[PDB]
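Enquirer: This is the structure I want to talk about, given as structure tokens.
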Amino acid sequence: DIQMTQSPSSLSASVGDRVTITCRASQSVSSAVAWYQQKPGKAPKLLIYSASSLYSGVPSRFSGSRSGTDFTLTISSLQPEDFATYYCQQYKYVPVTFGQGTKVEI
Amino acid sequence: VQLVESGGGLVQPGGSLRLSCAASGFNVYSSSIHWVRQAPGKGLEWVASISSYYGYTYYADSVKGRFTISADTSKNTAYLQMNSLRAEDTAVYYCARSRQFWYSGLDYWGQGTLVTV
Amino acid sequence: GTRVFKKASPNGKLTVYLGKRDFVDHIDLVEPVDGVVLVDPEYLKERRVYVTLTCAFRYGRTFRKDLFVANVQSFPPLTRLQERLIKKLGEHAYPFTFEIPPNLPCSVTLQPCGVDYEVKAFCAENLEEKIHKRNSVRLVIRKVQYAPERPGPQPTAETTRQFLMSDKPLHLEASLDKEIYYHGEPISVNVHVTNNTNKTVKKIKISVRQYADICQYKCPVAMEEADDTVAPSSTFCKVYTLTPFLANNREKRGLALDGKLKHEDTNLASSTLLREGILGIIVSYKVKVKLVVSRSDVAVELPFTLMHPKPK
Amino acid sequence: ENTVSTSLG
């Protein structure tokens with residue numbers, strides 16, 4: 001079982017700012033990491049998979065980066081539609097585990 | 001391509017409840033169906049997942065022994081037989097779908113149903 | 001970023017690198033295995049470092065006949081992968097570019113035997129010097145095929161059986177929506193019986209069969225069954241649905257599965273593409289439509305290709 | 001033994 005401590009849990013960012021989310025695991029999980037977005041009340045939606053690849057239709061400002069065990073989601077320019085809570089996910093082992101979420105606010 | 005769910009409601013603790021997950025635009029053998037639950041004010045949590053293609057059913061230890069996951073082959077619909085419910089099992093319960101060949105993140109989620117104990 | 005595989009011998013004396021472990025076959029050509037071996041010379045005073053690629057037909061009987069063997073000497077003696085590995089390792093690394101020739105069989109694992117590729121590397125002072133577990137480092141690699149980029153014709157086929165005891169025959173047509181099916185997707189059989197005989201169509205049996213030619217092995221991997229009778233002097237048309245999958249096929253000992261590195265779960269072996277128009281394992285599938293008669297057989301077969309898409 | 005992954009630098 002892999003803990004997936006995620007930080008910061010909340011952050012303030014204006015439009016056109018740069019936002020980075022760090023998801024740190026208790027083991028190496030290869031590059032098996034996914035990121036999800038969730039506006040308040042809506043279903044989660046995938047943004048980045050395999051810790052660097054971008055899903056079909058996801059905007060170009062979403063990106064993934066890996067350094068050993070410090071998987072990171074980088075948003076190049078925070079648009080007003082991006083404010084949500086973001087969830088990291090290892091999927092190399094069972095039981096599959098999600099992060100605690102990172103919300104964004106103005 | 002879309003997922004839609006229903007079946008949540010007020011439940012007497014110790015009773016039972018069933019959630020259902022309807023799938024459009026794909027099939028249960030080329031995809032894996034997941035349950036992710038979200039207690040009010042809290043983050044997501046994996047509950048169970050089934051890969052009907054192989055015959056594998058997966059569960060989290062926080063719901064092991066009570067929750068049962070299955071899929072109706074003829075109508076692409078997934079189920080979650082929730083026995084012996086308890087207070088913290090209150091959550092918004094989502095269906096999730098991901099690729100069988102090969103799992104690359106949960107891409108299609110439905111809006112799910114609110115379950116309250 | 002990117003990632004590459006490493007492995008070493010128990011001596012810790014030798015180190016090997018690869019940038020992939022699935023090497024694709026394009027039927028008109030096969031990719032090279034371009035890797036880099038890092039050496040510790042002093043302990044390698046034997047001074048002949050060899051790298052080897054091998055295609056072992058370790059099929060059961062049990063036996064082993066190596067269909068293909070390749071040798072290269074790295075020390076003493078470039079693609080971008082080679083160049084970056086060499087630069088990463090600084091100075092004491094030497095490459096190894098095998099080129100699998102066309103026509104050798106695909107990575108196949110018979111359900112517990114089969115064909116698998118084996119990159120083996122070691123150091124010695126002569127090729128005749130004995131191989132020892134203290135010094136060799138091995139990587140099992142795969143050589144596989146993706147589904148074609150362009151669709152073919154519709155796999156329509158037909159028949160007509162003029163029963164001797166009847167004046168007019170049972171005309172029949174079976175067709176699939178497409179000749180290519182990806183893994184996990186549904187099959188669609190369009191059965192278009194047009195009967196004019198006195199015999200009654202009792203029993204429509206639909207099955208998807210694996211034709212594993214190992215150089216013929218036949219086994220039904222998906223099966224449908226219905227009482228969709230057809231009346232005398234009547235027509236019929238139904239679209240049956242099927243999908244091959246591994247859940248109910250575990251007990252079938254011998255069925256060809258996609259090659260596996262160690263023991264991971266893999267789908268039923270993707271169809272092999274033949275060169276233009278062969279040792280090892282050749283595997284293909286056909287949908288079989290069988291109609292019982294009574295007044296007790298007819299059947300027509302449909303070649304279709306079951307293969308994965310090219311990764312994104 | 002076992003197989004690990006490493007960067008390409």
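Labeling convention for the structure tokens: chains A, B, ... as they appear, residues from 1 per chain, ligands from 1 in order of appearance.
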Residues near residue 114 (chain B), anyone? I mean within 7 Å using only C-alpha atoms, not counting same-chain ones fewer than 3 positions away, as a short mmCIF file (atom, residue, chain, number, x, y, z; two decimals) with C-alpha atoms, in the first residue's frame.

Expert:
data_model
loop_
_atom_site.label_atom_id
_atom_site.label_comp_id
_atom_site.auth_asym_id
_atom_site.auth_seq_id
_atom_site.Cartn_x
_atom_site.Cartn_y
_atom_site.Cartn_z
CA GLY B 8 -28.29 6.17 -3.87
CA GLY B 9 -30.68 6.96 -1.05
CA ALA B 91 -20.43 9.86 0.20
CA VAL B 92 -21.03 10.83 -3.41
CA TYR B 93 -20.34 7.59 -5.27
#

Enquirer: Check chain A with DSSP on the backbone and list each residue it calls strand (DSSP E), as a ChimeraX atom specification.

Expert: /A:6-7,10-12,19-24,33-38,45-49,53-54,62-65,70-75,85-90,97-98,102-105

Enquirer: Can you write out the residues you just picked, keeping N, CA and C atoms, as a CSV table (one decimal), in the first residue's frame?

Expert:
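Saved as selection-v4.csv:
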chain,number,residue,atom,x,y,z
A,6,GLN,N,0.2,14.6,-0.8
A,6,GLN,CA,0.1,15.7,-1.8
A,6,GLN,C,0.1,17.0,-1.1
A,7,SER,N,0.7,18.0,-1.7
A,7,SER,CA,0.8,19.3,-1.2
A,7,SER,C,1.1,20.3,-2.3
A,10,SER,N,-4.2,23.7,-0.7
A,10,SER,CA,-4.9,24.8,-1.3
A,10,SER,C,-3.8,25.9,-1.6
A,11,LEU,N,-4.1,26.6,-2.7
A,11,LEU,CA,-3.2,27.7,-3.1
A,11,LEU,C,-4.0,28.8,-3.8
A,12,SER,N,-3.5,30.0,-3.6
A,12,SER,CA,-4.0,31.2,-4.3
A,12,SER,C,-3.3,31.5,-5.6
A,19,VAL,N,1.1,27.4,-11.7
A,19,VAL,CA,0.8,26.6,-10.5
A,19,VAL,C,1.4,25.2,-10.7
A,20,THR,N,2.0,24.7,-9.7
A,20,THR,CA,2.6,23.4,-9.6
A,20,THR,C,2.1,22.6,-8.4
A,21,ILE,N,1.8,21.3,-8.7
A,21,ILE,CA,1.3,20.4,-7.6
A,21,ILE,C,2.2,19.3,-7.5
A,22,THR,N,2.7,19.0,-6.3
A,22,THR,CA,3.6,17.9,-6.0
A,22,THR,C,3.0,16.8,-5.3
A,23,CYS,N,3.1,15.6,-5.9
A,23,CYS,CA,2.6,14.3,-5.3
A,23,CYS,C,3.7,13.4,-5.0
A,24,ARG,N,4.0,13.1,-3.8
A,24,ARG,CA,5.1,12.3,-3.3
A,24,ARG,C,4.7,11.0,-2.8
A,33,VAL,N,1.3,7.5,-12.9
A,33,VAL,CA,0.7,8.5,-12.2
A,33,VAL,C,-0.3,9.2,-13.1
A,34,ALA,N,-1.5,9.5,-12.6
A,34,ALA,CA,-2.5,10.2,-13.3
A,34,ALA,C,-3.0,11.4,-12.4
A,35,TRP,N,-3.5,12.4,-13.1
A,35,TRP,CA,-4.0,13.7,-12.5
A,35,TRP,C,-5.4,13.9,-12.9
A,36,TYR,N,-6.3,14.4,-12.0
A,36,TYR,CA,-7.7,14.6,-12.3
A,36,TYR,C,-8.1,16.0,-11.8
A,37,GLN,N,-9.1,16.5,-12.5
A,37,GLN,CA,-9.6,17.8,-12.1
A,37,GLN,C,-11.1,17.6,-11.7
A,38,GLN,N,-11.5,18.5,-10.7
A,38,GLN,CA,-12.9,18.3,-10.2
A,38,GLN,C,-13.4,19.7,-9.8
A,45,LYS,N,-12.3,14.5,-13.9
A,45,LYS,CA,-11.9,14.3,-15.3
A,45,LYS,C,-10.4,14.2,-15.4
A,46,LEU,N,-9.9,13.3,-16.2
A,46,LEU,CA,-8.5,13.1,-16.3
A,46,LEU,C,-7.9,14.3,-17.1
A,47,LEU,N,-6.7,14.6,-16.6
A,47,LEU,CA,-5.9,15.7,-17.3
A,47,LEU,C,-4.6,15.1,-17.9
A,48,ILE,N,-3.8,14.5,-17.0
A,48,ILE,CA,-2.4,13.9,-17.4
A,48,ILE,C,-2.3,12.5,-17.0
A,49,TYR,N,-1.8,11.6,-17.8
A,49,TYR,CA,-1.6,10.2,-17.5
A,49,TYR,C,-0.2,9.8,-17.9
A,53,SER,N,2.1,12.4,-20.1
A,53,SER,CA,1.3,12.4,-21.3
A,53,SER,C,0.0,13.1,-21.1
A,54,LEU,N,-0.5,13.8,-22.1
A,54,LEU,CA,-1.7,14.7,-22.0
A,54,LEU,C,-2.9,14.0,-22.7
A,62,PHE,N,-1.8,22.2,-19.5
A,62,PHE,CA,-1.6,21.1,-18.6
A,62,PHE,C,-0.4,20.2,-19.0
A,63,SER,N,0.4,19.9,-18.0
A,63,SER,CA,1.6,19.1,-18.3
A,63,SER,C,2.0,18.3,-17.0
A,64,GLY,N,2.8,17.3,-17.3
A,64,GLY,CA,3.2,16.4,-16.2
A,64,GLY,C,4.8,16.3,-16.2
A,65,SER,N,5.3,16.1,-15.0
A,65,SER,CA,6.8,16.0,-14.9
A,65,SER,C,7.1,15.0,-13.7
A,70,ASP,N,8.8,12.3,-7.2
A,70,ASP,CA,8.2,13.6,-6.9
A,70,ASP,C,7.3,14.1,-8.1
A,71,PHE,N,6.4,13.2,-8.5
A,71,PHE,CA,5.5,13.5,-9.7
A,71,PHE,C,4.9,14.8,-9.5
A,72,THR,N,4.8,15.6,-10.6
A,72,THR,CA,4.3,16.9,-10.5
A,72,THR,C,3.4,17.3,-11.7
A,73,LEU,N,2.3,17.9,-11.4
A,73,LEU,CA,1.5,18.5,-12.4
A,73,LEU,C,1.7,20.0,-12.5
A,74,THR,N,2.0,20.5,-13.7
A,74,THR,CA,2.3,21.9,-14.0
A,74,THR,C,1.3,22.5,-14.9
A,75,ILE,N,0.7,23.6,-14.4
A,75,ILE,CA,-0.3,24.3,-15.2
A,75,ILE,C,0.4,25.6,-15.7
A,85,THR,N,-10.4,21.2,-7.8
A,85,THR,CA,-9.5,20.4,-6.9
A,85,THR,C,-8.9,19.2,-7.7
A,86,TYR,N,-7.6,19.1,-7.5
A,86,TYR,CA,-6.8,18.2,-8.4
A,86,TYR,C,-6.3,17.0,-7.6
A,87,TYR,N,-6.4,15.8,-8.1
A,87,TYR,CA,-6.1,14.5,-7.4
A,87,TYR,C,-5.1,13.7,-8.2
A,88,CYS,N,-4.0,13.4,-7.5
A,88,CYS,CA,-3.0,12.5,-8.0
A,88,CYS,C,-3.3,11.0,-7.7
A,89,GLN,N,-2.8,10.1,-8.6
A,89,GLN,CA,-3.2,8.7,-8.5
A,89,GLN,C,-2.0,7.9,-9.0
A,90,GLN,N,-1.5,7.1,-8.1
A,90,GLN,CA,-0.7,5.9,-8.6
A,90,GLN,C,-1.6,4.9,-9.1
A,97,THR,N,-4.6,4.1,-5.0
A,97,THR,CA,-4.7,5.2,-4.0
A,97,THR,C,-4.7,6.5,-4.7
A,98,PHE,N,-5.5,7.4,-4.1
A,98,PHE,CA,-5.6,8.8,-4.6
A,98,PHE,C,-5.0,9.7,-3.6
A,102,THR,N,-5.9,18.9,-4.2
A,102,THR,CA,-5.4,20.2,-4.1
A,102,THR,C,-6.4,21.2,-4.8
A,103,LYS,N,-7.0,22.0,-4.0
A,103,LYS,CA,-7.9,23.0,-4.5
A,103,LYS,C,-7.2,24.3,-4.8
A,104,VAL,N,-7.8,25.0,-5.7
A,104,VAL,CA,-7.3,26.3,-6.2
A,104,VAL,C,-8.4,27.4,-6.0
A,105,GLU,N,-7.9,28.6,-5.6
A,105,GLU,CA,-8.8,29.7,-5.3
A,105,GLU,C,-8.3,31.0,-5.7

Enquirer: What's around residue 116 (chain B) at 12 Å? Count only C-alpha atoms, leave out sequence neighbours fewer than 3 positions away in its own chain, and write the answer as an MDAnalysis selection string.

Expert: chainID B and resid 7:13 16:17 37:40 85:93 113

Enquirer: Using only C-alpha atoms, what table do you get, as CSV, when you list each residue of chain D with an atom no more than 10 Å from region 16-22 of chain C, its nearest pair of atoms, and their distance in Å rounded to one decimal, rows by chain then rising number?

Expert:
residue,atom,partner,partner_atom,distance
D:3,CA,C:17,CA,9.8
D:4,CA,C:17,CA,10.0
D:5,CA,C:19,CA,9.4
D:6,CA,C:17,CA,9.6
D:8,CA,C:19,CA,9.1

Enquirer: For C-alpha atoms, I'd like the residues from the last selection saved as a short mmCIF file (atom, residue, chain, number, x, y, z; two decimals), in the first residue's frame.

Expert:
data_model
loop_
_atom_site.label_atom_id
_atom_site.label_comp_id
_atom_site.auth_asym_id
_atom_site.auth_seq_id
_atom_site.Cartn_x
_atom_site.Cartn_y
_atom_site.Cartn_z
CA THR D 3 15.52 -4.88 -13.76
CA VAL D 4 15.40 -1.19 -12.90
CA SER D 5 14.65 1.99 -14.82
CA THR D 6 16.95 4.98 -15.13
CA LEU D 8 18.69 9.14 -20.07
#

Enquirer: Can you write out as a tab-separated table which residues of chain C fall within 7 Å of chain B, alongside each residue's closest atom pair and its distance in Å to one decimal, counting only C-alpha atoms and ordering rows by chain and ascending residue number?

Expert:
residue	atom	partner	partner_atom	distance
C:183	CA	B:30	CA	6.8
C:184	CA	B:30	CA	3.8
C:185	CA	B:30	CA	5.9
C:245	CA	B:53	CA	5.7
C:246	CA	B:54	CA	5.5
C:247	CA	B:54	CA	4.3

Enquirer: Which residues of chain A sit at most 12 Å from chain D, using only C-alpha atoms? Give each one's shortest atom pair and distance in Å (one decimal place), in chain and ascending residue order, as a tab-separated table.

Expert:
residue	atom	partner	partner_atom	distance
A:28	CA	D:5	CA	10.3
A:29	CA	D:5	CA	11.0
A:30	CA	D:5	CA	7.9
A:31	CA	D:5	CA	10.0
A:66	CA	D:7	CA	10.4
A:67	CA	D:7	CA	9.3
A:68	CA	D:7	CA	9.0

Enquirer: Go ahead and save the picked residues with N, CA, C and O atoms, as a compact mmCIF listing (two decimals), in the first residue's frame.

Expert:
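selection01.txt, written as the output of this step:
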# COMPACT_ATOMS: atom_id res chain seq x y z
N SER A 28 8.71 3.95 -5.30
CA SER A 28 8.66 4.16 -6.74
C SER A 28 7.50 3.36 -7.32
O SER A 28 7.31 2.18 -7.01
N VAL A 29 6.71 4.02 -8.16
CA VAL A 29 5.55 3.40 -8.79
C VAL A 29 5.74 3.47 -10.30
O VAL A 29 4.77 3.61 -11.06
N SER A 30 7.00 3.36 -10.73
CA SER A 30 7.41 3.70 -12.09
C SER A 30 6.94 5.11 -12.42
O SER A 30 7.08 6.02 -11.59
N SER A 31 6.40 5.31 -13.62
CA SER A 31 5.79 6.57 -14.01
C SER A 31 4.27 6.49 -14.01
O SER A 31 3.60 7.34 -14.61
N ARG A 66 8.17 14.27 -13.90
CA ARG A 66 8.62 13.30 -12.91
C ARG A 66 10.08 13.55 -12.56
O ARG A 66 10.90 13.83 -13.44
N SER A 67 10.40 13.43 -11.26
CA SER A 67 11.78 13.38 -10.80
C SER A 67 11.86 12.32 -9.69
O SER A 67 11.74 12.62 -8.51
N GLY A 68 12.07 11.07 -10.10
CA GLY A 68 12.28 9.98 -9.16
C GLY A 68 11.01 9.50 -8.50
O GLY A 68 10.44 8.48 -8.89

Enquirer: One decimal, Å: what's the distance from CA of residue 207 (chain C) over to CA of residue 290 (chain C), could you say?

Expert: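 Atom-to-atom, CA of residue 207 (chain C) and CA of residue 290 (chain C) are spaced 8.5 Å apart.
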
Enquirer: Each residue of region 73-117 of chain C lying at most 12 Å from region 139-151 of chain C should get a row with its shortest atom-to-atom pair and the distance in Å to one decimal, counting only C-alpha atoms; could you produce that, ordered by chain and increasing number, as a Markdown table?

Expert:
| residue | atom | partner | partner_atom | distance |
| --- | --- | --- | --- | --- |
| C:99 | CA | C:143 | CA | 11.7 |
| C:100 | CA | C:143 | CA | 9.2 |
| C:101 | CA | C:143 | CA | 11.4 |
| C:102 | CA | C:143 | CA | 11.1 |
| C:103 | CA | C:143 | CA | 11.6 |
| C:104 | CA | C:143 | CA | 9.4 |
| C:105 | CA | C:143 | CA | 8.4 |
| C:106 | CA | C:144 | CA | 5.6 |
| C:107 | CA | C:143 | CA | 5.3 |
| C:108 | CA | C:144 | CA | 8.7 |
| C:109 | CA | C:142 | CA | 10.6 |
| C:115 | CA | C:142 | CA | 9.3 |
| C:116 | CA | C:142 | CA | 6.5 |
| C:117 | CA | C:141 | CA | 5.2 |

Enquirer: With N, CA and C atoms retained, could you export that selection as a PDB file, in the first residue's frame?

Expert:
ATOM      1  N   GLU C  99      19.893  -6.822 -35.727  1.00  0.00           N
ATOM      2  CA  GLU C  99      18.774  -6.574 -36.630  1.00  0.00           C
ATOM      3  C   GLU C  99      18.087  -7.914 -36.859  1.00  0.00           C
ATOM      4  N   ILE C 100      16.961  -8.117 -36.191  1.00  0.00           N
ATOM      5  CA  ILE C 100      16.175  -9.322 -36.457  1.00  0.00           C
ATOM      6  C   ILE C 100      15.758  -9.324 -37.921  1.00  0.00           C
ATOM      7  N   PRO C 101      15.978 -10.401 -38.663  1.00  0.00           N
ATOM      8  CA  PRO C 101      15.535 -10.449 -40.050  1.00  0.00           C
ATOM      9  C   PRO C 101      14.037 -10.669 -40.133  1.00  0.00           C
ATOM     10  N   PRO C 102      13.418 -10.303 -41.250  1.00  0.00           N
ATOM     11  CA  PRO C 102      12.013 -10.662 -41.470  1.00  0.00           C
ATOM     12  C   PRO C 102      11.784 -12.163 -41.472  1.00  0.00           C
ATOM     13  N   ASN C 103      10.531 -12.563 -41.263  1.00  0.00           N
ATOM     14  CA  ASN C 103      10.004 -13.930 -41.321  1.00  0.00           C
ATOM     15  C   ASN C 103      10.264 -14.728 -40.051  1.00  0.00           C
ATOM     16  N   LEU C 104      10.777 -14.109 -38.991  1.00  0.00           N
ATOM     17  CA  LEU C 104      10.824 -14.975 -37.817  1.00  0.00           C
ATOM     18  C   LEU C 104       9.587 -14.769 -36.945  1.00  0.00           C
ATOM     19  N   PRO C 105       9.139 -15.819 -36.258  1.00  0.00           N
ATOM     20  CA  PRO C 105       7.830 -15.776 -35.601  1.00  0.00           C
ATOM     21  C   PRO C 105       7.768 -14.758 -34.473  1.00  0.00           C
ATOM     22  N   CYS C 106       6.535 -14.369 -34.157  1.00  0.00           N
ATOM     23  CA  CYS C 106       6.219 -13.363 -33.157  1.00  0.00           C
ATOM     24  C   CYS C 106       6.372 -13.919 -31.742  1.00  0.00           C
ATOM     25  N   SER C 107       6.455 -13.002 -30.776  1.00  0.00           N
ATOM     26  CA  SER C 107       6.491 -13.363 -29.365  1.00  0.00           C
ATOM     27  C   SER C 107       5.171 -14.001 -28.961  1.00  0.00           C
ATOM     28  N   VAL C 108       5.185 -15.295 -28.662  1.00  0.00           N
ATOM     29  CA  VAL C 108       3.969 -16.048 -28.383  1.00  0.00           C
ATOM     30  C   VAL C 108       4.185 -16.869 -27.123  1.00  0.00           C
ATOM     31  N   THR C 109       3.207 -16.842 -26.220  1.00  0.00           N
ATOM     32  CA  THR C 109       3.230 -17.638 -24.998  1.00  0.00           C
ATOM     33  C   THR C 109       2.014 -18.551 -24.994  1.00  0.00           C
ATOM     34  N   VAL C 115       7.430 -19.088 -28.205  1.00  0.00           N
ATOM     35  CA  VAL C 115       8.544 -18.396 -28.839  1.00  0.00           C
ATOM     36  C   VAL C 115       8.790 -17.111 -28.067  1.00  0.00           C
ATOM     37  N   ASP C 116      10.027 -16.905 -27.627  1.00  0.00           N
ATOM     38  CA  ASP C 116      10.386 -15.654 -26.984  1.00  0.00           C
ATOM     39  C   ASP C 116      11.828 -15.309 -27.322  1.00  0.00           C
ATOM     40  N   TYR C 117      12.123 -14.015 -27.286  1.00  0.00           N
ATOM     41  CA  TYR C 117      13.440 -13.495 -27.607  1.00  0.00           C
ATOM     42  C   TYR C 117      14.231 -13.240 -26.333  1.00  0.00           C
TER      43      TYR C 117
END

Enquirer: Go through chain C and flag each residue having an atom no more than 8 Å from chain D; for those, report the closest pair of atoms plus their distance in Å to one decimal, using only C-alpha atoms, ordered by chain and rising number, as JSON lines.

Expert:
{"residue": "C:1", "atom": "CA", "partner": "D:7", "partner_atom": "CA", "distance": 6.3}
{"residue": "C:2", "atom": "CA", "partner": "D:7", "partner_atom": "CA", "distance": 6.1}
{"residue": "C:3", "atom": "CA", "partner": "D:7", "partner_atom": "CA", "distance": 5.2}
{"residue": "C:4", "atom": "CA", "partner": "D:5", "partner_atom": "CA", "distance": 5.2}
{"residue": "C:5", "atom": "CA", "partner": "D:5", "partner_atom": "CA", "distance": 4.9}
{"residue": "C:6", "atom": "CA", "partner": "D:4", "partner_atom": "CA", "distance": 5.4}
{"residue": "C:7", "atom": "CA", "partner": "D:3", "partner_atom": "CA", "distance": 5.1}
{"residue": "C:8", "atom": "CA", "partner": "D:1", "partner_atom": "CA", "distance": 7.0}
{"residue": "C:9", "atom": "CA", "partner": "D:1", "partner_atom": "CA", "distance": 7.1}
{"residue": "C:10", "atom": "CA", "partner": "D:1", "partner_atom": "CA", "distance": 7.0}
{"residue": "C:84", "atom": "CA", "partner": "D:8", "partner_atom": "CA", "distance": 6.5}
{"residue": "C:85", "atom": "CA", "partner": "D:8", "partner_atom": "CA", "distance": 6.5}
{"residue": "C:88", "atom": "CA", "partner": "D:9", "partner_atom": "CA", "distance": 6.2}

Enquirer: Once you have the residues from the selection above, write them out as a compact mmCIF listing (two decimals), in the first residue's frame, restricted to C-alpha atoms.

Expert:
# COMPACT_ATOMS: atom_id res chain seq x y z
CA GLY C 1 12.80 12.40 -19.26
CA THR C 2 12.46 8.91 -20.78
CA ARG C 3 13.39 5.62 -19.08
CA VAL C 4 15.60 2.64 -19.93
CA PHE C 5 16.03 -0.87 -18.54
CA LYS C 6 19.17 -2.05 -16.72
CA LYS C 7 20.31 -5.45 -15.50
CA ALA C 8 23.47 -7.01 -14.10
CA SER C 9 25.11 -10.35 -13.35
CA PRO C 10 25.41 -11.71 -9.80
CA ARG C 84 22.75 9.19 -25.16
CA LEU C 85 23.49 6.03 -23.18
CA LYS C 88 25.52 9.10 -19.84

Enquirer: Counting only C-alpha atoms, which residues of chain B fall within 10 Å of chain A, and what is the closest atom pair for each with its distance in Å at one decimal, ordered by chain and rising number, as a tab-separated table?

Expert:
residue	atom	partner	partner_atom	distance
B:36	CA	A:98	CA	9.6
B:42	CA	A:100	CA	8.0
B:43	CA	A:100	CA	5.5
B:44	CA	A:98	CA	6.6
B:45	CA	A:98	CA	6.1
B:46	CA	A:96	CA	6.4
B:47	CA	A:96	CA	8.9
B:48	CA	A:95	CA	8.8
B:49	CA	A:96	CA	9.4
B:58	CA	A:94	CA	7.7
B:59	CA	A:95	CA	7.0
B:60	CA	A:95	CA	5.8
B:61	CA	A:95	CA	8.1
B:92	CA	A:41	CA	9.2
B:93	CA	A:43	CA	9.8
B:94	CA	A:43	CA	7.3
B:95	CA	A:43	CA	9.2
B:96	CA	A:44	CA	9.1
B:103	CA	A:91	CA	8.5
B:104	CA	A:49	CA	6.0
B:105	CA	A:34	CA	5.7
B:106	CA	A:46	CA	6.2
B:107	CA	A:46	CA	5.3
B:108	CA	A:45	CA	7.1
B:109	CA	A:43	CA	6.1
B:110	CA	A:43	CA	6.1
B:111	CA	A:43	CA	5.0
B:112	CA	A:43	CA	7.5
